[PDB]
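What follows is a pair of forms of the same protein chain, given separately as structure tokens and numbered structure 1 and structure 2.
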Structure 1
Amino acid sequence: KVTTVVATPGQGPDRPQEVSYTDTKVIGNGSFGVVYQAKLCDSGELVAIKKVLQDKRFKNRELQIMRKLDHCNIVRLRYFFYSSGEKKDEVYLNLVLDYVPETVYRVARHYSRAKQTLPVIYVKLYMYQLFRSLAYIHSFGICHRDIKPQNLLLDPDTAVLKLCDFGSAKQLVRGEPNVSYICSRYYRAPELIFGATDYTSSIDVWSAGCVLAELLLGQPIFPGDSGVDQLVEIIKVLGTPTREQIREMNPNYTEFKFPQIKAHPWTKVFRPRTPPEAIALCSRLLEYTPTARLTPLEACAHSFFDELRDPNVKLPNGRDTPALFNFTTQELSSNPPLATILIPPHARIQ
């Protein structure tokens, strides 16, 4: 069995190409539609096809975003094509994406079942690359709005992390309100829990912080099946938000008091041997006030990631770390002066 379609490439000019794929497996499916795996007939490479029902009145926001994006820490849209087949007057948008075997979710859980934590070196590598991808998309004013371990793809050999699933992603314009029900359970910023509709891209930074803390703890940091339950687990760590903090998160005062608990020292949250810099980084990501959180780029420049800027740094398997320093002007526009930290001396050699 061999499907052949005429697809438009994700990047580059509109040059339609005959794409032929086989071994059409299935994997996940939910809020969008089905997701298949396949093998491309020529190159032999594996790819993931995300099929979704196409709306006639508007064009697909995921597609529109995916096409603008080109970055080595973000899944590549290789092609896209429209199809249907059988019952209904339904048009399906198919997104052909690079297949990436593992996810931070699966990896984290392997370590968690075996009562281990992921070696800090991998925490650094994975977290740094996430923050790069955030710095990039945020530079276009695009918020992902669903940062969680399941959406962080990993190549285990190269230690390369790629952000994926832009189904929730959106251009956040100041003054324009946005839906407050977007982020997944454990990774929602307090302002989202409080139902704020004037949130900024800092929600991604909170989410990322929840991933960091989770990789350090070996389990979700702010669990709970309700918002109430989540906010309690948060307050247990951060302490009770001041009236100031509360108005910063959500001006539309949903309106009620919380149990006055003081901040359980961040040091006592983690294992004894946990690097003090990792803890420091957490506390600067997981802040009540959206504007007080680090930017993605400021996070990349955090001391916690110093080891990665060492010229001698290698992966435990002996291979080189992936390219961490080739920042574009786009990536740096947030705050160009930071390049003095981000790009280390040995990366400037001619």
Structure 2
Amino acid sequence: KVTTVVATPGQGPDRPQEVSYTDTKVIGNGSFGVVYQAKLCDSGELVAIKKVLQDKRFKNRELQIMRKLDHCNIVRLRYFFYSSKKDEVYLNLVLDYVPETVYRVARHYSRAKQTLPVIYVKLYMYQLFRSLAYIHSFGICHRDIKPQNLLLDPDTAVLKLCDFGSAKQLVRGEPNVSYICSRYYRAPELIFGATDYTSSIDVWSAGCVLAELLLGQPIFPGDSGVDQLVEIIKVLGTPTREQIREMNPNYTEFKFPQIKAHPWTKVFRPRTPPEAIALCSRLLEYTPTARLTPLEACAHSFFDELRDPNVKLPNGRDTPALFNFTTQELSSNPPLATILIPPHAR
């Protein structure tokens, strides 16, 4: 069937308009809601429609958040609309469809017993850090960074961050739930029960993604909340009293056996690019404030090849847009712009 709705532009404005779409099929079902794929009649362009049950006298966090965003590495909100079980209200997020994920790409190499080419590791991570730099600049923390939430256009290698269903605009002093983020990517402060954490939890999760791309498997595969810390301790060792205070000031453990960190160079297979390991060690820190900011990560030596005039994908194609920074995106450290934007890009 062809389906016609009255919908509001994502950005917008903001004047409701008629939108028609067809070829509606389910591509996901969860405790959050349902996701459909569809085709826009006027355009031909494919879209994902995320349908969520909505408390009619409450505002939706994800919507409010999605409306603020416009960035080449974030999934675009094209439209939103409501339905109508009788008195029941659903909010529908109409998103640009993206066929692949970093998960399903890394899984393909992992099953073929091989590692993702270094160049893609640079491309995906760099675009990830950019999306973080952008959302963090509004004070928005994603709270669910993982490979499944990193969409990929397999031809252009454009990465788009998706799934803001856990996202929140963080306000200091106002506490946030600790049981958040997928377990494998959950920062240690969260496991320790922090309610006063920051956007740097996303950087930790970004480190786990990086490490995972390097190992061909999750670096910290905890079987449970407690086991997740066991897994972290195997690599980082136990945290110092000062690191514990920095993660959660309201947590005290007077007595515990101290364990030294495992060397980073032995965590990864011997041929792992040393610069990838070096970057990893500055993301996977216990001390939340010692982690690199996303912008700082973007400027790391590891992404130097991306700044080289002559860089190409293995498929011969040019790389996607990497250097189109905005003042919003650079706001945490505006001077870094002259390093992030190479001379050949101005």
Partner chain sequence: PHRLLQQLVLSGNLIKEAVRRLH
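Shifts are known only where both forms have a C-alpha. Heads up, when I say rigid core I mean the largest set of C-alphas that superpose within 1.5 Å between the two forms. Start at 1 and count along the sequence of structure 1; that gives the residue numbers used here.
Shown first, as structure 1, is the form deposited without the partner chain.
Core-based superposition between structures 1 and 2 shows that, of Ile261, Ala280, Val179, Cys72, only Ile261 has its Cα displaced by 2 Å or more. On a core-based overlay, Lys56 has a Cα shift of 2.1 Å between structures 1 and 2. Here the two forms are laid over each other by their core, and the C-alpha of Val228 is off by 1.9 Å between structures 1 and 2. In sequence order, the regions between structures 1 and 2 where at least three consecutive C-alphas each move 2 angstroms or more after rigid core superposition are 15-17, 254-261.
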